[PDB]
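**Q** Below you'll find the sequence and an experimental structure to go with it.
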Amino acid sequence: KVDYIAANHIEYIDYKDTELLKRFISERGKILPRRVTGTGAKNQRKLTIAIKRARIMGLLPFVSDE
Amino acid sequence: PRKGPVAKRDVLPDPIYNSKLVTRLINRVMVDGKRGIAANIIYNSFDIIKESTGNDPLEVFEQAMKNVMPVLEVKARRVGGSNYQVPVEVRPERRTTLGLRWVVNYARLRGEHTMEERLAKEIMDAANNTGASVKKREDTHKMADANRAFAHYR
Amino acid sequence: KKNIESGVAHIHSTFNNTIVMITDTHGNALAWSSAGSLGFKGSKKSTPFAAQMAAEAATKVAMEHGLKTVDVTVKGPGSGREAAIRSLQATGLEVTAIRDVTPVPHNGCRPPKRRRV
RNA sequence: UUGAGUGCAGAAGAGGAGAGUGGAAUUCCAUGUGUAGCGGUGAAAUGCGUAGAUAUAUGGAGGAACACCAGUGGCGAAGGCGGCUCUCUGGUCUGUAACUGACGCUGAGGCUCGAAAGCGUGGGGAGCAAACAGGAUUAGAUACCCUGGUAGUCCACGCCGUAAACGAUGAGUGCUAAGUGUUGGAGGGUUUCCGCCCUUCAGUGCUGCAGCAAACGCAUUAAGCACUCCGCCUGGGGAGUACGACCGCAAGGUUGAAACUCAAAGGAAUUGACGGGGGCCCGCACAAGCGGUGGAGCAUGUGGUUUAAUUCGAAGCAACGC
């Protein structure tokens, strides 16, 4: 009833893909639940570890109110 | 009341002026059905208007319906017990009720030393923008959109 | 004085009192009106009716110093936070930015207890 | 060689120890702006502020917890484990099946691990908060409400060995209708399936046959059908108390009676019953209205005093022009 995210057979989240980064987070700065996109369960964990490394170097802001 | 709605008993016009709302103004000062004193001195007061700054009593009665007219109304509709209300759109039934109650119960508040000069100056005030019943319309305009601080979660 | 006319307002409103303060661009403080300062006391300061006239008495002394445009800083989850802004535009200003900055932690400290009533 | 273990190929996991590190929030400090309040309650009070707060902006200091994903989701033998990175390291599951050839199960004693609170020694202390102080409510309040605030909560090393450590269901193994999701695999087909179907191994939920059950219910994740090994019970109090012994610095823990009473104590269900629950359903019960009481005086009835007696009863609704 909802499509997945690996139609392009993405293998490794690769810590740096800032364009694939933006499909999932909120515009305010949070993470959308897995009920929304219907994505994979292990891929949810991959995304979570990925963007948590992303917030530490500063390739995404923690809190974006402006 | 609790079961459902109820009728309102609209009033008949006068066989002299031929106007319905004049009868509504008659039937708010009259105590114990004494039409002989109160209604006749209301006739006398509108003839005082006719004799000084006026031509016909029906037109100046409509002029009083101008300058007293309640444009808005609130009603205390609590939910959780607190002071909760909103400026509701007034029915022309309840518009006439509020405006003529302003006029009559300010003729009570006026209390001048002649039993119809209080009525004469009362309707010279309510027909010609003066008196505190027209200022009661002013103060009704005041609290309209002044209790609106708690009347926008509706 | 100096007629900056590009100010920053501030909104803070608990369950029991509210304070509005209008400052400079940064802002250094200019004029402020409190719901306690307007004669109200005790428990009635929670109501949104105070938020109108507190905003009005803030804006009068504000635009005595000359004030056209403004920023809207919103703290303090309470009751009349919207009524304060809506009466703020009603005395002639330039509200065009709505930021409801409510400072939420990330589980740092502990809250107080329940109220066993 | 089927039970059990070692290959080899693979998969998931908040499984554990050590070492570093990230941002937001709360508080303290430094400074700029600003004057007369901040704060709390059912309401108020104590408190803090004119030695300039509360408010706002910038910067520093410090300790603890890791916002959203997060889900009858995952991992562990039970207590339990959630920010990120590196080193060391334990287990589980699937496929294969050249190899070993019954090597298994359970375990009185024994040994190890063991939430929270606690003790000792040495560091640390932002919040929160037993005791304690003050304010108020109360007939009384060494309580519940509010303002403060220590030991503790944290870290390192020992000590203690307790809970509703509950699924109130010991463990190993085999058999007995089904439907339904979900976590992790492997295999076959249409199909680029990673967008479907079909089958199977391992957990985790929900509904439901036979059967068991006093009822409630349970029901391939048995509280059915059976074997093996352990643990415990035999009316209610006195009582997990007394005495003795062992462990502990201490608090305490483990083991564990009788004299003397009573004819009951207990589980489940049935009829009136509460919900600070509503579907209702109404009603001058409200909201909307008018008029009246409570004002002044007069009359009446009652309580009261006085009385030679002020002669009975009436006593919220449902007694006082009875």
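**A** Cool, got the structure. Numbers count the residues shown, from 1 in each chain, chains lettered A, B, ... in the order given.
**Q** Could you pull out the buried residues of stretch B:87-102?
**A** B:87, B:90, B:95, B:96, B:97, B:98, B:99, B:100, B:102 (16 or more other Cβ atoms under 10 Å in any protein chain shown). For the C-beta atoms, the positions are set from N, CA and C on the backbone; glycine is no exception.
**Q** longest single helix anywhere in chain B?
**A** The longest helix of chain B (DSSP state H) is helix B:92-110.
**Q** neighbours around residue A:14, how many?
**A** 9 (other Cβ atoms under 10 Å in any protein chain shown).
**Q** do you know how far it is from chain C?
**A** 27 Å (Cβ to the nearest Cβ, to the nearest Å).
**Q** Where does chain A get nearest to chain C, residue-wise?
**A** residue A:65 (6.7 Å; Cβ to the nearest Cβ).
**Q** Write out the residues of chain A neighbouring chain C.
**A** Chain A has residues residue A:65 near chain C, with proximity defined as Cβ under 8 Å from any Cβ of the partner chain.
**Q** Chain neighbours aside, what residue packs nearest to the residue in chain A positioned nearest to chain B?
**A** At 24.6 Å from chain B, residue A:28 is the closest residue in chain A, using Cβ to the nearest Cβ. Leaving aside its sequence neighbours, residue A:28 sits nearest to residue A:64 (Cβ to Cβ, 6 or more residues apart in numbering or on different chains; 6.3 Å).
**Q** Then residue C:93?
**A** Closest to residue C:93 by Cβ to Cβ, 6+ apart is residue C:70, at 5.0 Å.
**Q** who touches that neighbour in this structure?
**A** C:6, C:7, C:8, C:9, C:22, C:88, C:93, C:94, C:95 (Cβ atoms under 8 Å, 6 or more residues apart in numbering or on different chains).
**Q** which one is the first one nearest to, not counting chain neighbours?
**A** Spelled out, that is residue C:6. residue C:69 (4.9 Å).
**Q** Over to the one you found: give its phi and psi.
**A** Taking degrees, to the nearest 10, you get phi -100, psi 160 for the backbone angles of residue C:69.
**Q** How many residues are close by it?
**A** 14.
**Q** pretty sure it is touching residue C:93, no?
**A** Yes - in this structure, residue C:69 is within contact of residue C:93 by Cβ atoms under 8 Å, at 7.5 Å.
**Q** So which residues on chain B come close to chain C?
**A** So chain B meets chain C at B:83, B:146, B:147, B:148, B:149, B:150, B:152 (Cβ under 8 Å from any Cβ).
**Q** Out of the residues you listed, the closest to chain C would be?
**A** residue B:149 (3.8 Å).
**Q** Surely that closest one forms part of a strand?
**A** No - counting by DSSP: H, G, I helix; E, B strand; the rest coil, one finds residue B:149 to be helix, located in no strand.
**Q** before we move on, back to that, is the residue nearest to residue C:93 bridged to anything, and to what?
**A** residue C:7 (DSSP bridges).
**Q** Over to the one 4 residues further on?
**A** On the basis of DSSP bridges, residue C:74 takes part in beta bridges with residue C:11.
**Q** which residues sit in contact with it?
**A** Neighbours of residue C:74 in contact, by Cβ under 8 Å, 6+ apart: C:11, C:81, C:85, C:98, C:99, C:100, C:101, C:102.
**Q** So which of those residues is surrounded by the most neighbours?
**A** Greatest neighbour count in these, by other Cβ under 10 Å, goes to residue C:11: 24 neighbours.
**Q** Pull out the buried residues from the residues of chain B next to chain C.
**A** For these, a burial check counting by 16+ other Cβ under 10 Å picks out B:146, B:147, B:148, B:149, B:150.
**Q** Can I get the contacts of residue C:70 in TSV including neighbour count and distance to residue C:113?
**A** Listed next are the contacts of residue C:70 as TSV, based on neighbours: other Cβ atoms under 10 Å in any protein chain shown; distance: Cβ to Cβ, whole Å:
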residue	neighbour count	distance to residue C:113
C:6	14	45
C:7	24	41
C:8	19	36
C:9	25	35
C:22	27	37
C:88	25	37
C:93	22	42
C:94	16	44
C:95	14	39
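**Q** mind checking the SS state of the residue nearest to residue C:64 when sequence neighbours are not counted?
**A** Excluding its sequence neighbours, the residue lying closest to residue C:64 (Cβ to Cβ, 6+ apart) is residue C:31, at 7.8 Å. Three-state assignment for residue C:31 (three-state DSSP): strand.
**Q** Alpha carbons of the longest helix along chain C, in CSV - could you do that?
**A** Longest helix in chain C by number of residues (criterion: DSSP H): helix C:49-64. Taking C-alpha atoms only, helix C:49-64 is exported to CSV below (Å, rounded to 0.1, in the frame of the first residue of the first chain):
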residue,chain,number,x,y,z
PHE,C,49,-8.4,39.6,29.1
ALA,C,50,-5.3,40.9,30.8
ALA,C,51,-3.2,40.0,27.7
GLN,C,52,-5.1,42.6,25.7
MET,C,53,-4.5,45.6,27.9
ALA,C,54,-1.0,44.6,29.0
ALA,C,55,-0.1,44.6,25.3
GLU,C,56,-1.8,48.0,24.8
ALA,C,57,0.0,49.6,27.8
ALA,C,58,3.2,48.2,26.5
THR,C,59,2.7,49.5,22.9
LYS,C,60,1.8,53.1,24.1
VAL,C,61,5.0,53.7,25.9
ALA,C,62,6.8,51.7,23.2
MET,C,63,5.8,53.9,20.2
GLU,C,64,6.3,57.0,22.3
